[PDB]
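The next block holds one structure in the form of structure tokens; read it before the comments.
Methodologically, a virtual Cβ is constructed for each residue, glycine included, from the backbone with ideal geometry; neighbour enumeration extends over all protein chains shown. Read-outs throughout are calculated quantities, based only on the coordinates presented, and are distinct from any laboratory measurement.
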Number of protein chains: 2
Amino acid sequence: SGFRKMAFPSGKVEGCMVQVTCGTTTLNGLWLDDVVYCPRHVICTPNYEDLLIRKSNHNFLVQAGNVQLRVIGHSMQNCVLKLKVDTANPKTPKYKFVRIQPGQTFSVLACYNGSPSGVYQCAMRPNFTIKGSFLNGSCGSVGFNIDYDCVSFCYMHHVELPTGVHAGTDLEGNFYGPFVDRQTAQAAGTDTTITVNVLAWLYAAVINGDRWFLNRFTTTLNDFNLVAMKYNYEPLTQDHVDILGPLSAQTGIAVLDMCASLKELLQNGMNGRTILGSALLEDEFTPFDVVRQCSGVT
Amino acid sequence: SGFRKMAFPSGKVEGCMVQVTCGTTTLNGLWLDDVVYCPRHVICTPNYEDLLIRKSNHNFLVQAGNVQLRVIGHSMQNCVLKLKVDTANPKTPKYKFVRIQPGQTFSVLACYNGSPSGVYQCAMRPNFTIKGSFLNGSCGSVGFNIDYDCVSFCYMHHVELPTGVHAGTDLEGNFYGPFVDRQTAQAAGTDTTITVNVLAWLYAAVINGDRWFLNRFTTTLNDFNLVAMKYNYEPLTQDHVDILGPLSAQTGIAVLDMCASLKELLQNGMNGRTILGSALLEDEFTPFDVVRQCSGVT
């Protein structure tokens, strides 16, 4: 029992983190096989093609712990740089580059100067930002999920937006959302609450014995989505209902019966109660996150 | 910017986790040098000295991944078993066994069948329980902090109490709190809120631009502690004030001025606002946790 914001074990990613320096700019890179991936803004001191043509392999200092890696080639792929090095990382895990959807979660290994500092969980917001914890020097830190032995890398950190939320790319160098690795007035757009995740977390609450918000009522999908729209919640789809199936079965509470609980919570608040130790409705746990934690996969 | 529940990178601990089986009971062990540490309740099927005298080395099956470790000796140290094995763990980090105080935080690497599943942060409660996330098979999972290259192990998981909170030992096998590794009606005592940590988190909020709860007032330590007692908060000491010094300096808000903010929040609530994304006062971040995250140590 219990329910925590739980990250994946970070060891497989720690062995991949290196430091990349170009000029006076130092940030983090990801060393997989004989390539180091890092944000292309490491070469700034704003046409990146010009900036990179002016660089040579020797302008990139790559440090893996106490070992300096020799750069033998460099190329740009969207907003990431690929630095080919003369040695393949012996600690390279089985890995994939996967782009995630808004609403999905991942673990972040925050690093500075190539050294891992901490690991935490977060979600891709509907507005394509993440509410991370990053300080200067954290660029190049990565987000990932782990399945069996395979690390699925989904995020590389590039930018802090004016509200203090964060933006970045997939590992192919393509930004999540309408953000750029340049100096503009860019800002996060309006965000919404991830409805399917709130429902998942209410199921986690029930599994853990918080039942006070339950009721005998059941709503219809259309009737619930009318309320979701009013409270700035994402629409709930039949696919979302199907995805919640396993949790609905385990608790014996139909999805649309839980939706009636959510409707009431939205219209009346909590009346001073808490759910899983929170006084707000939590939306950064996916259905998979709940199953994983209330079943125990390793 | 941003502020997350952030665990230490778990790699150094992952390389130490093994599976220990005795009879039909399987749980986790910690393999450091040529010793595997695990909960002594692995030998149950309630005088532990008798139970262990009846066992032999061959009754303990220890698996480190795909490798079976041969047990060459066994002894009991308080509530932990020490299984001497014929091979020293080549991945043993620099480590220490340190017992923590209520109010202090640590990272938990939850494991099942010797395999790490997730990592999260938690605090030792004033009542010596932890609000963890553990399922069947998680016994023997460990809690730790990391400083530079050194893993300070502080917790090993043994028991789930009736309210779903958790109890365990230090790595010398001594329980935190008045709990036992036997079947009794034991239950967590009344808990309190960790005041110094709430203040630390309010400083984190200020550092991150949440200032709405600030005021021009300053209270006295005695006057604040009168209010803390009424709201089931731990007393605040001059040492706590001194420990908060660095955060008070960085923000320019004196500790007793922040105490005036806490007093108001306790007496009036939040009026529908949030602090660092929470509608409750958070007490599971120490002053060190705040400095570490709002400064960037690795």
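Ordering A:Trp212, A:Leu266, A:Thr193 by Cα displacement along the dipole of the range A:177-298 toward the positive end leaves A:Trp212 in first place; charges were set at the Cβ atoms of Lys, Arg (+1) and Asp, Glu (-1).
Taking other Cβ within 10 Å of each residue's Cβ, how do B:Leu69, A:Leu221 sort, fewest first?
If I rank by nearby Cβ atoms, fewest first, I get A:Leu221, B:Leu69.
Estimated from helices alone, the mean residue ellipticity of the protein assembly as shown at 222 nm is -6000 deg cm²/dmol (sum of -39500 (n - 2.57) over DSSP H runs with n ≥ 4, per residue). Any idea what the relative contact order of the range A:65-128 is, in percent, if you count C-alpha pairs under 8 Å spaced at least 6 apart? Answer for the range A:65-128 is 23 percent. Across the range A:124-245, the mean sequence separation of Cα contacts (distance under 8 Å, 6 or more residues apart), normalised by length, yields a relative contact order of 21 percent. Cβ crowding within 10 Å, taken as a proxy for footprinting-reagent exposure, orders B:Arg125, A:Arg54 from fewest neighbours to most as A:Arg54, B:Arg125. Scanning residues 5 or more positions from B:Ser117 or on other chains, those with amide H under 5 Å from its amide H are B:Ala110, B:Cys111, B:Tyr112, with H placed 1.01 Å from N in the peptide plane. Between B:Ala188 and B:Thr163, the built amide H atoms are under 5 Å apart, and every one of these is 5 or more places off in sequence or on another chain. For A:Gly209, inter-copy separations between label points set 7 Å beyond Cα along the Cβ vector come to 4.1 nm, shortest first. Here B:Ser278 yields copy-to-copy label distances, from shortest upward, of 1.3 nm, the label point defined as 7 Å from Cα along Cα to C-beta. For chain A, the antiparallel share of DSSP beta bridges with both residues in that region comes to about 90%.
Across the range B:156-168, coupling constants 3J(HN,Hα) worked out from phi with the 6.51/-1.76/1.60 Karplus curve, θ = phi - 60°, read 10, 7, 10, 9, 9, 7, x, 6, x, 8, 10, 9, x Hz, and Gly and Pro carry x.
Classify the protein assembly as shown: rounded, prolate or oblate, from the alpha-carbon gyration tensor (a ≥ b ≥ c, eigenvalue square roots; a/c under 1.5 rounded; otherwise prolate if a/b is larger than b/c)? Rounded shape, in that the Cα axes give a/c under 1.5.
Evaluate peptide B:127-138: per residue, the Cβ atoms of other protein chains within 10 Å of its Cβ; return the mean as an integer. That works out to 3 on average. In the structure displayed, which of A:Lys91/B:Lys94; A:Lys5/A:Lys55; B:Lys12/B:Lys230 lie more than 32 Å apart, Cα to Cα? From the list (A:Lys91/B:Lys94; A:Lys5/A:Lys55; B:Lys12/B:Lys230), the Cα-Cα distance tops 32 Å for A:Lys5/A:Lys55; B:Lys12/B:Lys230. The phi torsions of the range A:206-221, fed into the Karplus equation with coefficients 6.51, -1.76 and 1.60 and a -60° offset, translate into couplings of 4, 4, 8, x, 8, 10, 5, 7, 6, 8, 7, 7, 9, 10, 9, 4 Hz, rounded to whole numbers, with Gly and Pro shown as x. Pairs of Cα atoms nearer than 8 Å and 6+ residues apart set the relative contact order; for the range B:89-186 it is 26 percent. Counting neighbouring Cβ atoms within 10 Å and putting the fewest first, the residues B:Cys150, B:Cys259 line up as B:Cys150, B:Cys259. With θ taken as phi - 60° and the Karplus curve 6.51 cos²θ - 1.76 cosθ + 1.60 applied, the whole-hertz 3J(HN,Hα) list for the range B:115-122 is 10, x, 10, x, 10, 8, 9, 7 Hz, x standing for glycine and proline. Amide H contacts under 5 Å for B:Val35: B:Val85, B:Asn89, restricted to partners 5 or more places along the chain or on a different chain, H placed in the peptide plane at 1.01 Å from N. Going by a ≥ b ≥ c, the root eigenvalues of the Cα gyration tensor, does the range B:39-115 fall in the rounded group (a/c under 1.5), the prolate group (a/b larger than b/c) or the oblate group? In terms of gyration-tensor shape, oblate.
Label-to-label distances for B:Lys91 across copies, nearest first, come out at 1.1 nm, using points 7 Å from Cα in the beta-carbon direction.
The range A:204-227 and the range A:249-285 have their alpha-carbon centroids 6 Å apart.
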